[PDB]
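Report on the structure given below.
Residue numbers (the authors' numbering): 1 to 188.
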């Protein structure tokens, strides 16, 4: 077959019920995740090939970067609650991996302030029980699928993208193969 289990994707030995249709995991400490966001624009290219009414979910993980990794998962919950993911993703990535100007929760907070989220608004979100359950959702979703690596994408709780089994000579060809695989799995 042109698409093969064990090749462009793998199947979960234990499938996950009730899962988001397209569920993506990342860390701001994760070097390929940086690529996926800034250089490859994976999430955006997957979206463009999916139908609409296909909801796309993106969660942060704890297992990289110790105490600051956990702060970032809470910050991502704040971003999701306020709907400002597209304003903080790039400066959070660059602040962690490029300029290395993010070393504490206060430095994360600075990124949101510079992006125009109000101090009062951020701190209230940071401390809200809506963000707490949002942190729990991110944790439970990663726990459900036995997650020890990012970037990771899961389709309908059964299929796991396998980018190592795709061509990387050309970055654009890689992205299309990746998005086409998600579309394939989506239709499965």
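We treat Cβ as the ideally placed atom computed from N, Cα and C, and that holds for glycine.
>> Tell me the DSSP secondary structure of residue 41 in three-state form.
In response: It is coil, neither helix nor strand.
> In whole angstroms, what separates the C-alpha of residue 167 from that of residue 117?
Replying inline: Taking the CA atoms as reference points, residue 167 sits about 40 Å from residue 117.
> Between which two residues does the beta strand (DSSP E) harbouring residue 36 extend?
Replying inline: Counting along the chain, residue 36 falls outside any beta strand (DSSP E), and DSSP gives it neither H nor E.
>> Between 84, 82, 111, which has its C-alpha nearest residue 96's C-alpha?
In response: Out of 84, 82, 111, 111 has the C-alpha closest to the C-alpha of residue 96.
> Secondary structure at residue 161, three-state DSSP: helix, strand or coil?
Replying inline: Correct three-state label for residue 161: strand.
> Terminal residues of the continuous beta strand (DSSP E) containing residue 184?
Replying inline: It is not in any beta strand (DSSP E) - residue 184 instead sits in the alpha helix (DSSP H) that spans 171-187.
> Per DSSP, what kind of secondary structure is residue 167 in: helix, strand or coil?
Replying inline: In this structure, residue 167 counts as coil in the three-state DSSP scheme.
> Can you give, in chain order, each stretch of the alpha helix (DSSP H) that sits fully within the stretch 37-101 and has at least 4 residues?
Replying inline: The DSSP assignment places 42-47, 66-82, 85-93 as complete runs of the alpha helix (DSSP H) inside the stretch 37-101, in order along the chain (cut-off: 4 residues).
> Between the stretch 35-49 and the stretch 70-87, are three or more C-beta pairs nearer than 8 Å?
Replying inline: They do not touch, by the three-pair rule.
> Quick one: is residue 163 buried, meaning 16 or more other Cβ sit within 10 Å of its Cβ, or exposed?
Replying inline: It is buried - the Cβ of residue 163 has at least 16 other Cβ atoms within 10 Å.
>> Using DSSP's beta-bridge definition, name the partner residues of residue 152.
In response: Bridge partners of residue 152: 25.
>> For a test of the three-state rule: what should DSSP assign to residue 122, helix, strand or coil?
In response: In this structure, residue 122 counts as helix in the three-state DSSP scheme.
> What residues are listed by DSSP as bridge partners for residue 9?
Replying inline: DSSP, once it has assigned bridges, lists 5, 161 as partnering residue 9.
> What are the boundary residues of the alpha helix (DSSP H) that includes residue 19?
Replying inline: Counting along the chain, residue 19 sits inside no alpha helix (DSSP H), nor does DSSP assign it H or E at all.
> How would you label residue 146, buried or exposed, when you count the other beta carbons within 10 angstroms and need 16 or more for buried?
Replying inline: By the 10 Å Cβ count, residue 146 comes out exposed.
>> How far does the alpha helix (DSSP H) with residue 140 in it extend, from its first residue to its last?
In response: It spans 129-144 - the alpha helix (DSSP H) in which residue 140 sits, taken as one unbroken run.
> Excluding five sequence neighbours on each side, which residues of the same chain lie with their C-beta closer than 6 Å to the C-beta of residue 19?
Replying inline: Sequence-distant partners of residue 19 (beyond 5 residues in either direction) whose C-beta falls short of 6 Å from its own C-beta, in its chain, are 157.
>> Measuring alpha carbon to alpha carbon, tell me which residue in 144, 28, 66 is nearest residue 98.
In response: Selected option, being the one with the closest Cα: 28.
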